[PDB]
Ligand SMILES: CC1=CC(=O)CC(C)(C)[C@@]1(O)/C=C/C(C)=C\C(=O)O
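The data below hold one chain only, encoded as structure tokens and taken in the form deposited without the named molecule.
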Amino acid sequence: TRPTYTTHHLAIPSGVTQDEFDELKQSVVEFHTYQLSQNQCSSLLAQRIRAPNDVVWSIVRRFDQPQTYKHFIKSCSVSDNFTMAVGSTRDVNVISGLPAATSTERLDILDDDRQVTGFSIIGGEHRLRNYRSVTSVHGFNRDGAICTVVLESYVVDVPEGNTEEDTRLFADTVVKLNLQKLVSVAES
């Protein structure tokens, strides 16, 4: 038997302490829970950042410029009438060593109060069919300075002829590397 929903609040991701995670479990339940079809897989990743959470949020909120904190993006365009609002889209030109491929992504969540955003891939990425992702930002006061934790989760289809392990390993590696780039951009 296979799961029908994720339970990421039960498994501590690498890169956070138990005391940090205890403070984040409610946010994982609220924003990082997915229903699962039998052909889907899902993961939750974390990254500590020595920077104020408002600064980190201003970076990951920039839906039109994902290349600032992600690798393997040649360019990203938005329409001439683009609005920073749920339902708007972006066209991402991905670096893959294959011919030019455009990934159309839709902004799903933009919550400035809780500092949560997310997107869905609606066309053009074949390795990651029906990819959907959520990023949340969390500030901690530690001895007079802000320490930020970013949580990033996704759900995605496992292509036919792939194993779940193969798909998860690929998607997890990309997210981990992108979170490392976010660290370099946000920290001073």
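We number the residues from 1 along the sequence you see. Only residues modelled in both forms are compared. Between two forms, the rigid core is the largest collection of C-alphas that superpose within 1.5 Å.
Undergrad: Taking the mean of the C-alpha B-factors per stretch from the entry, tell me the winner out of 55 to 63 and 124 to 132.
TA: Higher of the two, by average CA B-factor, is 124 to 132.
Undergrad: Would 26 to 34 or 138 to 146 have the larger average of its C-alpha temperature factors, as given in the entry?
TA: Of 138 to 146 and 26 to 34, the stretch with the higher C-alpha B-factor average is 138 to 146.
Undergrad: Per the entry, which of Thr68, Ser153, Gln47, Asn162 tops the list for Cα B factor?
TA: In the PDB entry, the greatest C-alpha B-factor among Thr68, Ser153, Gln47, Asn162 is found at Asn162.
Undergrad: Considering only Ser184, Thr4, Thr1, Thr7, which residue's Cα atom bears the greatest B-factor as recorded?
TA: Answer, based on the entry's C-alpha B-factors: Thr1.
Undergrad: What third of its chain, lowest, middle or highest, does the C-alpha temperature factor of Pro99 fall into?
TA: Highest third - that is where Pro99 ends up once the chain's C-alpha B-factors are sorted.
Undergrad: Rank-wise, by C-alpha B-factor, drop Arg90 into the lowest, middle or highest third of its chain.
TA: It belongs to the lowest third of the chain when residues are ordered by C-alpha B-factor.
Undergrad: Consider only the C-alpha atoms of the modelled residues in this chain, order them by B-factor as the entry records it, and name the third containing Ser75: lowest, middle or highest.
TA: According to the entry, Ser75 has a C-alpha B-factor in the chain's highest third.
Undergrad: State the tercile, meaning the lowest, middle or highest third, of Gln18 with respect to the CA B-factors recorded for its chain.
TA: According to the entry, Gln18 has a C-alpha B-factor in the chain's highest third.
Undergrad: For the chain shown, is the CA B-factor of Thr167 in the lowest, middle or highest third of its modelled residues?
TA: Highest third - that is where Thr167 ends up once the chain's C-alpha B-factors are sorted.
Separately, the form solved in complex with the named molecule exists; it is not shown, and the next lines address it.
Undergrad: Counting non-hydrogen atoms within 4.5 angstroms of the named molecule in the deposited complex, say which of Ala51, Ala46, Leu128, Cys41 makes the cut.
TA: By the 4.5 Å criterion, the partner-contacting residue is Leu128.
Undergrad: Heavy atom within 4.5 Å of the named molecule in the deposited complex: which of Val60, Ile121, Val158, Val55?
TA: Contact residue from the list: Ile121.
Undergrad: Do heavy atoms from each of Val94, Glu152 and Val174 fall within 4.5 Å of the named molecule in the deposited complex?
TA: Verified in the deposited complex; spot residues all in contact, yes.
Undergrad: Flag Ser103 as yes or no: does it have a non-hydrogen atom within 4.5 angstroms of any non-hydrogen atom of the named molecule in the deposited complex?
TA: Yes, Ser103 is a contact residue.
Undergrad: Taking only heavy atoms into account, state which residues of 49 to 78 are within 4.5 Å of the named molecule in the deposited complex, ordered by sequence.
TA: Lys70, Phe72, in sequence order.
Undergrad: Superposing on the rigid core, where do three or more consecutive Cα atoms all move 2 Å or more between this form and the one not shown?
TA: Run 142 to 145 stands out as the only one displaced between this form and the one not shown - at least 3 residues long.
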